[PDB]
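As structure tokens, the structure follows; a few thoughts come after it.
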């Protein structure tokens, strides 16, 4: 079975710059989509970053500060995260969609990792 | 003097019967007897994992 | 134009045929399967490996008492005993005579060698069949991989070939499979959460790096010997090692039909069972008029040599008289004899030599030459070698 | 102790059972299926766009 492993995060002061990494393991050869989602306390799930091959997409509250890079050969995504504000604290999850198993017994479509906690202090 | 201790044998119960699973680290003597007039004593050497009813 | 054909599933041996339009020259087709693989629907369930008895330092308290703190590690066992009189290199650790307490807590953890040595469990069903074909239709030779299910055609030069599903859904694998070191065995391992000591599956892990494992090693703590700080533990030997010493023979040598197994992904191939049907859809632009191909007159057979062996062992000299020099296909409509070549080059007034295979003591077969028919007949001699190193090229008629 | 029961597939309704041994007091059991998922086993073929 395929899984996503999330690494990074920690406690930092505002204005810092971190990197968040999510890696895919299992029986996979190519990945159509890999994306990032954030979940703050007391609220619902929202999207942050959206990477698939060369194209990229950003939300309204994340433009100009966070950059997403994807490596299909390693099946990893690296979210270079900069210009911290107090509202950015949350638990971040990495999602993969449109998995093309290498025949590769067809199985579940989407996956969800445990995620990593990011906390920022004023 | 020192003497080795065998692992605790696995007991499972059934109607008028007991199944013993044994996994010896070394060859060992298993001896069994019946508490009635006729003992039917059984003495056996076991050196491989086994199940005995 | 729709045409139907059948193929006994077997690699190596080629196949020759001609599609005969009532008013145009026959169009030849040649087929050669290279590899016929059969991949199952296999879903991973768990993994196992050698375990290591995790043992902390003993917790000694001297003239007092202690408590058990559960670390909640898998298959953890904790115990406290009294009346211990420990020793050290520099004399006595304590001065008390009794009331001393020592606590032991033991567990199991995955060995460092899990990455390179570990047995995988697998649930198999729903075999899907794939093939590599080398096909030439109207001197258009191609080598291609094709999905031989009931859909997914492959098109080239307008010709659309569809290989239908197999007539038999037999598979060499059983429902539960065990993989290790590139060898495959059909074994009935116990399912997740039901492992037993002294047998396979005592230690249970969802994945290689799950970091959450279930375990029944039946670990039992024992009273340490007096005058020594240590912790004796007893447990059944490794069921993985017991299975390693048992190791019934491999499926690679036990499977019926002689099916060979390779696992880059799990797959089986090159073993003959059943037949694959082929459906041709030919566009109407590939058909050539008769006058543009050679036509013959007064053609006759002669059988020069006969050996009805496994290999081609019948040589036939055909004497003809042609209006033109040009290649044409030669076909035997029946299964009485199978030819070697797909086409033969043809002179104006020469003679042709044809190699074929038959299993008939007294063959009498009608060959189809470029546009006409001839009836070859004769008797044949047995072979000399009792065993050969290749399969049969022909069928066994009743 | 072996026991068998049936629960009609539906969410939002609690379901009650009792295990009745001869020599012990009956044991009640209450089960609520919060969410039942129907996960197809699915594959990808191709993608399209403008």
Any hit, the range D:17-40, residues being under 22 Å from residue A:106 (Cβ atoms), within 14 Å of chain A (Cβ to nearest Cβ) and surrounded by 10 or more Cβ atoms within 10 Å (Cβ to Cβ): no
For the range B:11-18, indicate whether the set of residues that are within 14 Å of chain C (Cβ to nearest Cβ), in a loop (DSSP other than H, G, I, E, B) and surrounded by 10 or more Cβ atoms within 10 Å (Cβ to Cβ) is non-empty. no
Which ones in the range A:108-122 are within 14 Å of another protein chain (Cβ to nearest Cβ) and either assigned to a strand (DSSP E or B) or within 17 Å of residue A:57 (Cα to Cα) (or both)? A:111, A:112
State all residues of the range A:19-39 that are closer than 15 Å to residue A:68 by Cβ, within 13 Å of the chain's Cα centre (by Cα) and more than 14 Å from chain C (Cβ to nearest Cβ); if no residue qualifies, say none. A:19, A:20, A:21, A:22, A:33, A:34, A:35, A:36, A:37, A:38
Which of the residues spanning the range A:64-107 are away from every other protein chain (no Cβ under 14 Å), under 23 Å from residue A:32 (Cα atoms) and not in a strand (DSSP E or B)? A:72, A:73, A:74, A:75
When residue C:95 is evaluated against the numbered criteria (1) away from every other protein chain (no Cβ under 14 Å); (2) touching a strand residue (DSSP E or B) at 6+ places or on another chain (Cβ under 9 Å); (3) more than 30 Å from residue C:10 (Cβ to Cβ), which criterion, by number, is the only one it fails? (2)
Of (1) surrounded by fewer than 16 Cβ atoms within 10 Å (Cβ to Cβ); (2) within 26 Å of the chain's Cα centre (by Cα); (3) not in a strand (DSSP E or B), residue C:113 satisfies every one except (2)
The correct count of residues that are part of a loop (DSSP other than H, G, I, E, B) and either more than 22 Å from residue C:242 (Cα to Cα) or under 33 Å from the mean Cα position of the chain (by Cα) (or both) in the range C:205-219 is 7
Pair list, Cβ under 7 Å, 6 or more apart: the range D:21-33 residue closer than 15 Å to residue D:10 by Cα, other residue part of a loop (DSSP other than H, G, I, E, B): D:30/D:14; D:31/D:7; D:32/D:14; D:33/D:11
Inside the range C:291-330, can you point out the residues that are surrounded by fewer than 17 Cβ atoms within 10 Å (Cβ to Cβ), assigned to a strand (DSSP E or B) and under 45 Å from the mean Cα position of the chain (by Cα)? C:303, C:304, C:305, C:315, C:317
I'd like to know if the range C:196-212 contains one or more residues that are more than 30 Å from residue C:127 (Cβ to Cβ), out of contact with any helix residue (DSSP H, G or I) (no Cβ under 9 Å at 6 or more places or on another chain) and within 14 Å of chain B (Cβ to nearest Cβ). no
Out of all the residues in the range A:72-82, is one or more under 16 Å from the mean Cα position of the chain (by Cα) and loosely packed, with under 13 Cβ neighbours inside 10 Å? yes
Quick one: residue B:47 ticks every box in (1) more than 14 Å from chain C (Cβ to nearest Cβ); (2) loosely packed, with under 11 Cβ neighbours inside 10 Å except a single one, so which number is it? (1)
For the range C:354-398, what are the residues that are assigned to a strand (DSSP E or B) and within 38 Å of the chain's Cα centre (by Cα)? C:354, C:355, C:356, C:357, C:358
On the given criteria, is residue B:26 exposed (fewer than 11 other Cβ atoms within 10 Å of the Cβ), closer than 24 Å to residue C:200 by Cα and within 12 Å of chain C (Cβ to nearest Cβ)? yes
Tally of residues being in a loop (DSSP other than H, G, I, E, B) and exposed (fewer than 14 other Cβ atoms within 10 Å of the Cβ) across the range C:149-181: 13
Residues that are more than 14 Å from chain B (Cβ to nearest Cβ), crowded, with 16+ Cβ neighbours inside 10 Å and touching a residue at least 12 places away in the same chain (Cβ under 8 Å): list the strands (runs of 3 or more DSSP E) wholly contained in the range C:220-290 that include at least 3 such residues. C:266-269, C:275-281
Does the range A:54-62 contain at least one residue that is part of a loop (DSSP other than H, G, I, E, B), within 14 Å of another protein chain (Cβ to nearest Cβ) and surrounded by 16 or more Cβ atoms within 10 Å (Cβ to Cβ)? no
Hey, any hits in the range A:26-37 for a residue that's surrounded by 13 or more Cβ atoms within 10 Å (Cβ to Cβ), touching a residue at least 60 places away in the same chain (Cβ under 8 Å) and either outside any strand (DSSP E or B) or in contact with a helix residue (DSSP H, G or I) (Cβ under 8 Å, 6 or more places away or on another chain) (or both)? yes
Quick count over the range C:105-142, residues being out of contact with any strand residue (DSSP E or B) (no Cβ under 9 Å at 6 or more places or on another chain) and either within 14 Å of chain A (Cβ to nearest Cβ) or within 15 Å of residue C:42 (Cα to Cα) (or both), is 1
Single match in C:149, C:186, C:155 (criterion: touching a helix residue (DSSP H, G or I) at 6+ places or on another chain (Cβ under 7 Å) and away from chain B (no Cβ under 14 Å)): C:186
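Ideal geometry is used to build each Cβ from the backbone, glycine not excepted, and the neighbour counts take in all protein chains shown. Bear in mind that the values in this text are calculations on the coordinates, not laboratory data.
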